[PDB]
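Breakdown of the fold
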Amino acid sequence: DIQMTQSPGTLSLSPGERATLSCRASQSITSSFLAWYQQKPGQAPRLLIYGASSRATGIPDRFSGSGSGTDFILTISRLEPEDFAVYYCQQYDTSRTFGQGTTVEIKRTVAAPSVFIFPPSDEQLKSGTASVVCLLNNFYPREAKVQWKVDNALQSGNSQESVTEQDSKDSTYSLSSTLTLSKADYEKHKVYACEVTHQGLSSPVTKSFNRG
Amino acid sequence: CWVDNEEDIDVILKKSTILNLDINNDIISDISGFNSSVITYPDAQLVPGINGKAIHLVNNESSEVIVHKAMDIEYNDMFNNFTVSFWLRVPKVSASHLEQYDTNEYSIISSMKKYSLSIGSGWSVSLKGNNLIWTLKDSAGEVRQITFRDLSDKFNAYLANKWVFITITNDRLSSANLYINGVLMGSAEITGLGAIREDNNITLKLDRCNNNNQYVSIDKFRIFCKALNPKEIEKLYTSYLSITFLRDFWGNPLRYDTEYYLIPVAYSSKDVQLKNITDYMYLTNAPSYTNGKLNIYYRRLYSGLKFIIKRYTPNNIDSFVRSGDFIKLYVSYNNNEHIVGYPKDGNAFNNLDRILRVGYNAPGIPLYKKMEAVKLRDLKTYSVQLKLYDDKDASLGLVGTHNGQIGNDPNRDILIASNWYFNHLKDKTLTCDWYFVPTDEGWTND
Amino acid sequence: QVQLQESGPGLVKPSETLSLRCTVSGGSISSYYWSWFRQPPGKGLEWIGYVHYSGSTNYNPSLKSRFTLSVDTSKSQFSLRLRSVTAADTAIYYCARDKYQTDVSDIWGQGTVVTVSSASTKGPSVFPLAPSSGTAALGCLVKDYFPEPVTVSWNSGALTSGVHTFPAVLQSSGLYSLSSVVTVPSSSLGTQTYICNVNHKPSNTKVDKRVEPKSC
């Protein structure tokens with residue numbers, strides 16, 4: 001049973017730059033049965049490279065594969081706009097298994113998030129539940145963490161977040177985190193705060209409201 | 001040798017065996033445990049078989065093997081079911097011998113006393129042209145017969161020079177059933193029959209055969225006091241199959257230093273050809289022979305390239321190729337032997353299938369020629385796989401074919417080594433399976 | 001111009017058997033090997049197995065023989081069956097043709113979304129995300145619906161700049177929830193009306209929720 005580890009997890013580049021994606025197998029693939037696939041959001045994968053270094057039919061020459069043994073490389077000599085996507089390596093030597101994928105995303109200048117907090121609505125508190133929402137708007141890079149604090153007690157297991165695709169115009173991300181409590185639990189405390197840490201923030205930014 | 005038929009199948013087969021002929025140190029004997037005396041007459045010959053040696057019978061009075069059923073063993077008696085099984089090898093009958101001996105029915109194994117005027121009660125295995133016949137005859141003279149009519153395509157036929165495994169079951173309350181290689185191939189109702197009083201001898205010999213040149217081979221002749229069911233038959237048949245020795249097309253052990261025509265199991269109507277010395281091999285259509293009047297046709301054998309297997313390390317050992325042996329494969333061309341292999345960085349398809357070359361001779365270019373002859377799949381078929389290695393014990397793949405085009409040559413099935421096959425070894429049909437066909441007196445093209 | 005089209009049930013209850021079909025157009029099953037893959041939401045690719053016109057099959061060993069592939073050359077179709085489905089079998093399922101004498105796949109279908117859940121069809125509740133203290137953010141929380149998808153847009157086509165509609169998340173209840181937000185000039189909050197237009201076609205639900213600044 002062969003596992004593959006791809007690195008890096010995320011690659012931030014500009015059009016025209018060289019992209020080097022790595023794949024490392026848990027055993028030597030002496031057959032060189034290593035392939036690379038491209039997947040854009042919402043679409044089926046697309047074969048790029050097989051036999052470690054053969055280009056699939058119709059694939060542009062800027063895509064090349066190399067390597068042997070346990071270490072394999074996909075190179076995109078000059079990134080084009082249509083090349084920002086997820087790339088998966090696949091070994092087909094012993095059954096068929098994939099790496100966990102590398103994302104190629106557009107590099108831009110650091111941009112701190114604008115942070116907004118939304119207390120639950122009155123119509124919802126009638127339902128018996130309470131949702132507090134934290135919006136992190138138009139930031140780069142994608143890595144940002146949200147911590148919920150209820151009376152300065154940091155929360156665990158009661159919040160979910162999701163993130164937009166990189167914006168096609170300004171290349172930023174936005175993030176929404178929802179803290180959900182029961183109506184009974186919500187009226188237990190007074191301060192609800194959203195702490196965000198991001199590379200564009202010298203010090204973590206906190207937004208909060210007092211229930212009432 | 002009675003049994004509780006709720007028993008485990010292996011136990012059923014072992015303890016219902018009344019008689020079982022084996023050849024050990026060139027002596028035919030009964031290993032069943034009931035110790036029936038076996039007499040081998042001077043001209044009963046011994047040939048290669050499925051496991052060790054087999055009985056070979058030719059057409060004269062001295063070529064016979066007789067089993068004196070030890071004192072008293074009973075397996076037919078009255079309405080007792082019984083099964084007979086044996087490996088059988090019958091040469092392909094020439095078109096010549098067919099239309100002049102088609103009507104001559106001759107027995108090869110029988111418990112019927114043979115008198116000059118008549119036959120009398122018992123059972124017999126007999127051949128009549130391309131028919132294999134099973135006859136039961138009771139003491140009142142009634143007869144029942146299965147007539148197995150072999151198929152007309154002799155490349156795939158059962159009475160055409162390959163070892164095949166026969167099993168005939170007799171349920172006195174219903175039918176007699178004929179199996180070949182575990183598959184039901186013929187049947188007859190036998191309900192009307194009365195008592196079968198056979199001779200106290202079983203005779204293996206060509207009896208009433210008008211063709212002086214006729215012969216047969218027989219191995220593992222065995223008798224059970226039960227009508228075996230299909231599961232028991234299937235277990236019995238596969239109990240004889242093993243990977244230890246590789247097999248030629250006829251079922252005999254594969255041998256070093258012996259010329260073999262190569263045929264792909266998946267494209268059995270094709271031969272291997274050579275583009276040119278130092279170049280690649282490819283498949284072409286083999287010629288065929290058809291004779292509708294005689295109910296036969298076949299692709300002709302012994303066309304196309306001849307190959308020779310040599311030990312990779314001469315190692316002095318016998319001449320048998322065992323599964324797992326390291327070998328070198330040669331092509332015989334223009335009275336010379338030319339090594340088969342893959343040059344380092346030699347031409348290959350985009351999927352890395354490596355194109356094999358014959359007699360490649362570039363000085364300073366390593367030629368990878370180390371092969372492993374192996375049996376990786378399809379135990380019931382007399383086919384072999386060949387695994388090619390580079391200089392670092394890495395697999396370059398199994399020898400197979402790739403449909404493609406080299407240069408401006410026609411599109412061809414080209415011989416390659418490919419690792420693709422290893423993810424596919426349980427598939428029904430693969431182009432990595434090869435027959436090794438030696439010339440044989442039991443098959444001449446008409 | 002060979003095209004593959006998956007088809008299946010969108011939704012399956014747990015412990016039932018999932019059946020999917022792939023239909024080949026502009027070509028036939030022929031002697032190709034044909035494969036199925038799946039990709040759970042946000043989780044990357046997994047090969048399931050292959051099938052061949054001879055009937056030969058093979059499977060990803062780690063899937064523990066829960067899948068059965070089959071083929072019907074007369075309809076130019078091949079199929080997948082998956083027994084005793086679990087929520088962990090929610091995924092997009094892809095069919096694909098293997099490349100000749102390789103185990104890579106070079107022709108793919110678009111995929112078919114399979115959700116396995118015991119939740120009943122349920123329209124969303126839409127709650128306002130009210131603005132407050134020169135740009136402001138406001139939005140709609142679209143909560144507790146099943147199944148996917150909902151669509152959200154603002155002011156009947158008049159408001160598209162600055163809108164972020166986030167991917168839905170699945171809650172422990174088994175229902176989905178998402179938010180749509182928009183950033184606007186804080187000076188427009190007194191005069192411009194903001195209405196989020198929500199559609200949930202599975203339940204024939206439409207919501208148009210005016211989002212108003214909260215008073216004190």
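For this entry, the PDB record names X-ray crystallography as the structure determination method and reports a resolution of 2.0100 Å.

By the naming in the PDB entry, chain C is neutralizing antibody heavy chain, taken from Homo sapiens. This structure appears in the PDB under the title "The Crystal structure of TeNT Hc complexed with neutralizing antibody".

The name recorded for chain A in the PDB entry is neutralizing antibody light chain, from Homo sapiens.

**As for the interface of chain B and chain A**
The interface of chain B with chain A comprises seven residues on the first partner and eleven residues on the second. Seen at the junction of chain B and chain A, the total is zero salt bridges. On the surface where chain B and chain A come into contact, there are three residue pairs in polar contact. In terms of residue class, the side of chain B that touches chain A is built from three nonpolar, four polar and no charged.

**Some points on the environment of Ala130 of chain A**
Residues and elements named next belong to chain A. With respect to the helices, strands and loops of the structure, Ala130 is situated in strand β13 (residues 129–139). With 52 residues separating them in the primary sequence, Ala130 and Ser182 have C-alpha atoms 5.9 Å apart. With sequence-adjacent residues up to four places away left out, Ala130 is seen in contact with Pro120, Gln124, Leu125, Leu179, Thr180, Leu181, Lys183 and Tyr186.

**So, the sheet that holds strand β3 (residues 19–25) of chain A**
Residues and elements named next belong to chain A. The four strands are arranged β1-β3-β8-β7 in an open sheet whose pairing can be described as antiparallel. Only two strands of the sheet have a single partner each, and these edge strands are β1 (4–7) and β7 (63–68). Along the sheet, successive strands turn relative to each other by an average axial angle of 20°, direction set aside.

**Focus: the interface of chain C and chain A**
The interface of chain C with chain A comprises 42 residues on the first partner and 36 residues on the second. It is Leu45, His164 and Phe166 of chain C that lose the most area in chain C upon contact with chain A, and together they represent 18% of the buried surface on that side. Among the salt bridges present, the one from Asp98 of chain C reaches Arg96 of chain A, with a minimum N-O distance of 2.7 Å. In this assembly, chain C and chain A are joined by 14 residue pairs in polar contact. Considering each element in turn, the side of chain C that touches chain A owes the most residues, five residues, to strand β13 (residues 135–145) of chain C. Residues of the side of chain C that touches chain A, tallied by class, amount to 21 nonpolar, 13 polar and eight charged.

The rules we used
Residues numbered from 1 in each chain as written, not as in the entry; some residues may be left out. Chains lettered and ligands numbered in written order. Heavy atoms only, no water. Contact = heavy atoms within 4.5 Å. Salt bridge = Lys/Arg side-chain N within 4 Å of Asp/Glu carboxyl O. Polar contact = N/O pair within 3.5 Å; in protein donor to acceptor, adjacent residues only side chain to side chain. Nonpolar A, V, L, I, M, F, W, Y, C, P; charged D, E, K, R; others polar. Helix = DSSP H or I, 4+ residues; strand = E, 2+ residues; numbered from the N terminus. Pairing = 2+ DSSP bridges. Axes fitted to C-alpha atoms, helices over the stretch in contact; angles between N-to-C directions. Buried area = accessible area lost by both parts, 1.4 Å probe.

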